[PDB]
There are 2 protein chains.
Amino acid sequence: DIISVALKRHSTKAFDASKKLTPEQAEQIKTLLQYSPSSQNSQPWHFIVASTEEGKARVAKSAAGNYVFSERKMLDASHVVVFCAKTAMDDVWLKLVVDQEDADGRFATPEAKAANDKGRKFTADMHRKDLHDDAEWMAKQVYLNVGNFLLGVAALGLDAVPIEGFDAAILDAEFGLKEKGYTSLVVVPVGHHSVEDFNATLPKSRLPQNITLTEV
Amino acid sequence: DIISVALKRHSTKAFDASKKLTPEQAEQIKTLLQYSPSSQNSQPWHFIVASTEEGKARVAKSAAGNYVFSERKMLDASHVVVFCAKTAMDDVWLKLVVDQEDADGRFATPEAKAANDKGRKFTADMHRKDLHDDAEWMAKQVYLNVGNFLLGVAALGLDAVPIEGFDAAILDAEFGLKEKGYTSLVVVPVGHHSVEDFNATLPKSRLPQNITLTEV
Ligand SMILES: Cc1cc2nc3c(=O)[nH]c(=O)nc-3n(C[C@H](O)[C@H](O)[C@H](O)COP(=O)(O)O)c2cc1C
Ligand SMILES: Cc1cc2nc3c(=O)[nH]c(=O)nc-3n(C[C@H](O)[C@H](O)[C@H](O)COP(=O)(O)O)c2cc1C
Ligand SMILES: O=C(O)c1cccnc1
Ligand SMILES: O=C(O)c1cccnc1
């Protein structure tokens, strides 16, 4: 049951390098990334999934120097996911999304398709022209994906840790993301915790609902 | 089976007003809100849970103007959750979080507690003093919570729809959020879909992994 999952999941502080995702699990984590919801189904994201030693080493370059504590997590986990946001919402992407919805049979008529496209452009233009927050808006959808992913992987019986503790400039440069139109936001190592994971045995802590939650 | 949940969940376009959350479900959705992870366990959020006719009507004020299509969703769902972010990360909140971790037994020594506080302040100060993006940083954690919540509620067998299509100024004013130190970001009606939910029967559409996903 999902509440048990939410109450028992934790941020893993150390991974067992010998314990790999099964082939099926490796496919399932990709499914989770793909099928996250997003505003206007804008899907303003790219994922780097590192599963080779070479690949994980490249991601771990972002943790060198000041973020060194993050390196072992990135190197010892089975699979490491880099969540990236688009840096601009371009017309090519908008067309890609609506054309895909059309290919998947979501529109009964050309008018319905046109209306969907118009609505998505309205929202996108509002963020870029009026709110001046389009980069932030897209990054928010990526964080939503991350939240979906963390619960999803826990429910698959996998350990994980979300990481903001890395140098995004280094990671962006390593994978040439800027030129491709993306920027790295969160790194999520996924695998199985080791006996050295001190956080596996500690009680969860959250503020009480009397502070955070109002019922009306 | 969480993958089945992810593949089958959808954004509900119309709710059956007669179909209420069970008492236990109403508690479980609150648990999901509370137990979401966040960077440094900063939990920079407040939730309004509207379950009365009066309460939902107050939220539905925000579906004015361009956002009229959101009104029925907000009024007809069993429970409506307003996800809010803090407007600034203050020292009182940082102390609240570490003191709660201490009360929950996460620190073996005063030194461990002090180290946790120091680490949290380092990260928080980076955002508020250097990047001047603490508002954005906090809003990102809230969107992560939303992602967790949407999958969680689906796994409970509940329908939902995330909504950016509302007037945050109207909502903030209605609940006096600004003065309390919060701002509304996403509204999530939760309940059961009606036969009028045209999105319940439509195929789900996502961009292919050959565009969005790189394996290394
Ligand atoms: C942050 C966010 C905001 C959304 N806002 C709205 C909204 O205002 N109205 C609406 O009908 N759908 C809204 N949606 C639903 C999206 O259109 C939907 O998630 C997307 O088309 C993918 O479809 P699915 O959720 O059925 O998988 C929102 C989704 C997200 C993630
Ligand atoms: C966006 C985000 C970034 C995080 N970055 C790190 C990190 O860099 N290093 C780390 O050890 N934990 C990191 N965490 C884990 C949090 O400390 C953790 O989620 C929080 O303390 C709650 O504990 P739990 O995840 O075990 O429930 C991050 C969490 C989130 C949501
Ligand atoms: O996804 C949608 O349908 C949507 C998102 C934002 C605002 N209005 C609609
Ligand atoms: O939650 C953490 O431990 C954390 C968050 C951001 C950066 N470094 C650590």
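All chains are named by letter (A, B, ...) in the order of the sequence lines, taking the proteins before the strands, and each is independently numbered beginning at 1. In what follows, every heavy atom counts, from backbone to side chain, and hydrogens, waters and symmetry copies are set aside.
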**Study point:** Minimum side-chain heavy-atom gap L96(A)-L207(B) below 4.5 Å
**Key:** yes
Practice item. Report the option among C84(A), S11(A), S51(A) that has the most heavy-atom pairs separated by less than 4.5 Å from atoms of chain B. Key: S51(A)
Revision key, fill the gap. For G152(B) and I2(A) the tightest heavy-atom approach is O-CG2, 3.6 Å
Review point. What's the verdict on side chain to side chain donor-acceptor pair (under 3.5 Å) for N148(A) and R9(B), showing C-alpha distance, side-chain angles and the deciding distance?
Key: CA-CA 12 Å; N148(A) 182 90; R9(B) 65 147 293 286; over 6 Å; no
Check your understanding: Is there a side-chain contact between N66(B) and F122(A), using heavy atoms and a 4.5 Å cut-off?
Key -> yes
Review point. So which part of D102(B) gets closer than 4.5 Å to some heavy atom of chain A, the side chain, the backbone, both or neither?
Key: neither
Point to revise | Proximal to chain A - members of residues 208-216 of chain B, heavy-atom separation under 4.5 Å | key: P208(B), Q209(B), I211(B), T212(B), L213(B), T214(B), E215(B), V216(B)
**Study point:** Enclosure of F69(B) CZ (heavy-atom neighbours >12, cutoff 6.0 Å)
**Key:** no
**Study point:** Proximity breakdown for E164(A) and chain B, heavy-atom pairs closer than 4.5 Å
**Key:** side chain
Check your understanding: Which atom pair, heavy atoms only, marks the closest approach of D104(A) to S205(B)?
Key -> OD2-OG, 2.6 Å
Revision key, fill the gap. Closest non-hydrogen contact found for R106(A) with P203(B) is NH1-O, 2.9 Å
Point to revise | Closest non-hydrogen atom pair, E136(A) against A139(B) | key: OE2-CB, 4.3 Å
**Study point:** Under 4.5 Å from any heavy atom of chain A - which part of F175(B)
**Key:** side chain
Revision key, fill the gap. Okay, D133(B) and chain A: the region with an atom under 4.5 Å from a heavy atom over there is neither
Exercise for review: Please flag which part of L150(A) lies under 4.5 Å from any non-hydrogen atom of chain B: side chain, backbone, both or neither.
Suggested key: side chain
Review point. If you count heavy-atom pairs under 4.5 Å between each of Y182(B), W137(B), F198(B) and chain A, which one has the most?
Key: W137(B)
Review point. Who wins among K56(B), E54(B), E101(B) for the most heavy-atom pairs under 4.5 Å with chain A?
Key: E101(B)
Exercise for review: May I ask you to list the residues in residues 21-46 of chain B that approach chain A closer than 4.5 angstrom, counting heavy atoms only, ordered by number?
Suggested key: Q28(B), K30(B), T31(B), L32(B), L33(B), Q34(B), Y35(B), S36(B), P37(B), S39(B), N41(B), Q43(B), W45(B), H46(B)
Revision key, fill the gap. Applying a strict 4.5 Å limit to non-hydrogen atoms, the region of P162(A) in contact with chain B is neither
Study note, to complete from the structure: Scored by heavy-atom pairs under 4.5 Å with chain B, the best of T52(A), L185(A), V80(A), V82(A) is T52(A)
